[PDB]
Visitor: 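Sending over a structure as structure tokens; questions will come in a sec.
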2 protein chains.
Amino acid sequence: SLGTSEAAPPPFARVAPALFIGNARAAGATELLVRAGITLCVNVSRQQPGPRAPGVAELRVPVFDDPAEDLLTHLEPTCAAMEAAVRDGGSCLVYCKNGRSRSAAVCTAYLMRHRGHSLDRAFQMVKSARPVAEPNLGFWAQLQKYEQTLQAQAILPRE
Amino acid sequence: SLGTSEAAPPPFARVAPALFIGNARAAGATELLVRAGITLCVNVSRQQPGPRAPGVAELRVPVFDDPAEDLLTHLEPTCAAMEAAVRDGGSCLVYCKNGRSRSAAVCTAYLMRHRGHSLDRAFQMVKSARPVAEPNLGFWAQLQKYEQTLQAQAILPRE
Ligand code: NA
Ligand code: NA
Ligand SMILES: [Zn+2]
Ligand SMILES: [Zn+2]
Ligand SMILES: [Zn+2]
Ligand SMILES: [Zn+2]
């Protein structure tokens, strides 16, 4: 509403061009999703609702927020879906229930994979957009393994 | 089991290198998934179960099998996730509840997008692997629109 501020904050925030992080309350925020030009919601949860907005695709990454969970195997295909939506001109929103561990880990992976950032730089960007972003320590280890794989693959430099 | 045949058929079939189509009974077929080297299940449903197999990622594409449903917007990011899993060496299984409309449409999209096949050739390949494959007519129209977009993008030839 062209006012006047919005009392409640938006349920997401911009991390980088065409990339947003948020929480599951975004699912129902149809008008905000359309206004931001989001075309893909990456729902990193097993049971959180998805969007029902016109022109907005959902991809669900059904992982528990647990250090023993295998986020790693999901990272490469998830990041590829994200990049394809981005290169086709849409924006991507990555959310989980509370916008903390799972969505942070996925956004961090994407920034390393497709924006050329080291793990530390990528996580700093997520943290700046959303201070409560905090991948669990199991996911942090998996992100380090992904980073090393990216280096071996010449996607990231050793530096 | 090295026998002796398998009484019940496998819940999927090979469409092309690194690409399988099947139904939701595949979700629980842990040993068959591992044996086929499947690393990504694309679950094209809202409520069908996913795999719980080690080293197997799931991506859910939560669309109803209805001609009015917007499969189209999901196609590009879904196919990109599939190609990334494939290029990293895994095989991809695309399933829906009954292995008919939704999974057929997604496999057909992938073959056009990443294997250079026209819509007709791509669908013939799916049909050959799984005769009951049959995208609903709404999805067929969306696939035609995707094909035209791919042509405009120089991904497919006009021929
Ligand atoms: Na660590
Ligand atoms: Na048609
Ligand atoms: Zn829950
Ligand atoms: Zn939970
Ligand atoms: Zn159902
Ligand atoms: Zn249903």
Side-chain angles (χ1 to χ4, degrees), chain A residues 1-65 71 74 78-79 81-115 117 120-136 139 143, chain B residues 46 59-64 68-70 72-74 76-78:
Chain A
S1 179
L2 35 143
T4 90
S5 73
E6 240 1 305
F12 53 83
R14 183 182 176 282
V15 175
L19 177 67
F20 298 83
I21 186 175
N23 65 81
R25 305 302 294 171
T30 300
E31 208 222 63
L32 296 186
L33 295 178
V34 181
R35 210 167 81 202
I38 293 158
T39 63
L40 175 64
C41 290
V42 176
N43 180 354
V44 192
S45 79
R46 295 182 65 80
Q47 320 284 342
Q48 299 301 306
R52 203 100 304 116
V56 182
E58 175 188 4
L59 284 181
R60 184 190 298 262
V61 185
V63 295
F64 300 84
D65 181 29
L71 180 66
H74 296 82
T78 301
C79 291
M82 294 169 66
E83 181 59 19
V86 164
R87 225 169 278 186
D88 206 25
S91 290
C92 183
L93 167 64
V94 182
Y95 69 80
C96 63
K97 175 183 197 181
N98 73 345
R100 298 199 181 211
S101 170
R102 286 168 288 185
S103 57
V106 174
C107 290
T108 303
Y110 172 84
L111 291 170
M112 293 192 281
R113 181 51 181 89
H114 292 294
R115 303 291 172 94
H117 303 293
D120 291 336
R121 188 69 39 88
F123 181 61
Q124 162 271 307
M125 291 166 69
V126 174
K127 196 85 158 70
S128 297
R130 184 156 172 85
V132 302
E134 188 189 7
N136 73 57
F139 291 174
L143 287 168
Chain B
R46 295 182 65 80
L59 284 181
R60 184 190 298 262
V61 185
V63 295
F64 300 84
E69 259 276 45
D70 186 9
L72 180 59
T73 310
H74 296 82
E76 185 63 36
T78 301

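A note on names: the letters A, B, ... follow the listed sequences, proteins ahead of strands, and every chain is numbered from 1. Every heavy atom of this structure was used, including side-chain atoms; hydrogens, water molecules and symmetry mates were not.
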Visitor: Run the numbers on A:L33 and A:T30 for side chain to side chain contact (heavy atoms under 4.5 Å, CB included), then give the verdict.
Guide: CA-CA 5 Å; A:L33 295 178; A:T30 300; 5.7 Å; no
Visitor: Distance check, rounded to the nearest 0.5 Å: A:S101 atom OG versus A:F139 atom CZ?
Guide: 5.0 Å
Visitor: Rounded to the nearest 0.5 Å, what separation is found between the CD1 atom of A:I21 and the CZ atom of A:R102?
Guide: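 Reported to 0.5 Å precision, the distance equals 12.0 Å.
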Visitor: Counting N and O atoms only, with roles assigned by atom type, does the side chain of A:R115 sit under 3.5 Å from a partner on the main chain of A:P17, one being a donor and the other an acceptor?
Guide: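 Judged by distance alone, yes, a pair lies under 3.5 Å.
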Visitor: Starting at NZ of A:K97, measure out to CG of A:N43 and round the result to the nearest 0.5 Å.
Guide: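 A:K97 NZ to A:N43 CG: 12.5 Å, rounded to 0.5 Å.
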Visitor: May I ask you to check whether over 12 heavy atoms, not counting those of B:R46, lie within 6.0 Å of atom CZ?
Guide: yes
Visitor: Is the closest side-chain heavy-atom distance between A:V42 and A:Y110 below 4.5 Å?
Guide: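 No, every pair of side-chain atoms sits at 4.5 Å or beyond.
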Visitor: Enter the distance from A:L40:CG to B:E76:CD here, rounded to the nearest 0.5 Å.
Guide: 11.0 Å
Visitor: Search all heavy atoms of A:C96 against all heavy atoms of A:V44 and return the closest pair with its distance.
Guide: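 Looking at all heavy atoms of both residues, the shortest contact is CB-O, 3.4 Å.
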Visitor: Return the minimal non-hydrogen interatomic distance between A:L71 and A:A105, and the atom names on each side.
Guide: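 Heavy atoms only, the tightest pair is CD2-CB, 3.5 Å.
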Visitor: Where do A:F20 and A:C107 come nearest, in terms of heavy atoms and distance?
Guide: O-SG, 4.1 Å
Visitor: With sequence neighbours left out, write down each residue that passes salt bridge (charged side-chain N to carboxylate O under 4.0 Å, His left out) with A:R87, or none if nothing qualifies.
Guide: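 With neighbours one apart ignored, the set is A:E83.
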Visitor: Return yes if some donor-acceptor pair links the side-chain N/O of A:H74 with the main-chain N/O of A:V61 below 3.5 Å, else return no.
Guide: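 Checked: no pair found.
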Visitor: Quick one: OG1 on B:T78 to CG on A:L59, what's the gap to the nearest 0.5 Å?
Guide: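 The CG atom of A:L59 is 4.5 Å from OG1 of B:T78, to the nearest 0.5 Å.
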Visitor: What's the separation between atom CZ in A:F12 and atom CD1 in A:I38, rounded to the nearest 0.5 Å?
Guide: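 Taking CZ in A:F12 and CD1 in A:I38, the distance rounds to 4.0 Å.
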Visitor: Closest approach of A:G22 and A:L93, non-hydrogen atoms and distance?
Guide: N-CD1, 3.6 Å
Visitor: Measure the shortest side-chain to side-chain distance between A:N136 and A:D65 over non-hydrogen atoms and say whether it is less than 4.5 angstrom.
Guide: yes
Visitor: For A:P11 and A:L32, work out which heavy atoms get closest and say how close.
Guide: CD-CD1, 3.7 Å
Visitor: Are any of the side-chain heavy atoms of A:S45 and A:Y95 separated by less than 4.5 Å?
Guide: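 Side-chain contact under 4.5 Å: no.
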Visitor: With the side chain counted from C-beta on, respond yes when A:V56 and A:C41 share a heavy-atom pair under 4.5 Å apart, and no when they do not.
Guide: yes
Visitor: A:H114 versus A:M82: any side-chain heavy-atom pair under 4.5 Å?
Guide: no
Visitor: Quick check: do A:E58 and A:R60 have side-chain heavy atoms less than 4.5 Å from each other?
Guide: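 Contact flag for A:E58/A:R60 side chains = yes.
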Visitor: Checking A:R52 side chain against A:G28 main chain: does a donor-acceptor pair fall under 3.5 Å?
Guide: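 Pair absent, no side-chain N/O of A:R52 close to backbone of A:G28.
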Visitor: Determine, stepwise, if the pair A:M112 / A:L143 fulfils side chain to side chain contact (heavy atoms under 4.5 Å, CB included).
Guide: CA-CA 9 Å; A:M112 293 192 281; A:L143 287 168; 4.0 Å; yes
Visitor: Identify the two heavy atoms, one from A:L111 and one from A:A122, that lie closest to each other, and give their separation to 0.1 Å.
Guide: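 Shortest heavy-atom separation between A:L111 and A:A122 comes out as CD1-O, 3.5 Å.
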Visitor: Does CD belonging to B:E69 count more than 12 external heavy atoms closer than 6.0 Å?
Guide: yes
Visitor: Please examine the side chains of A:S128 and A:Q124, heavy atoms only from C-beta on, and report whether any two atoms are closer than 4.5 Å.
Guide: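 Yes, at least one pair of side-chain atoms sits under 4.5 Å.
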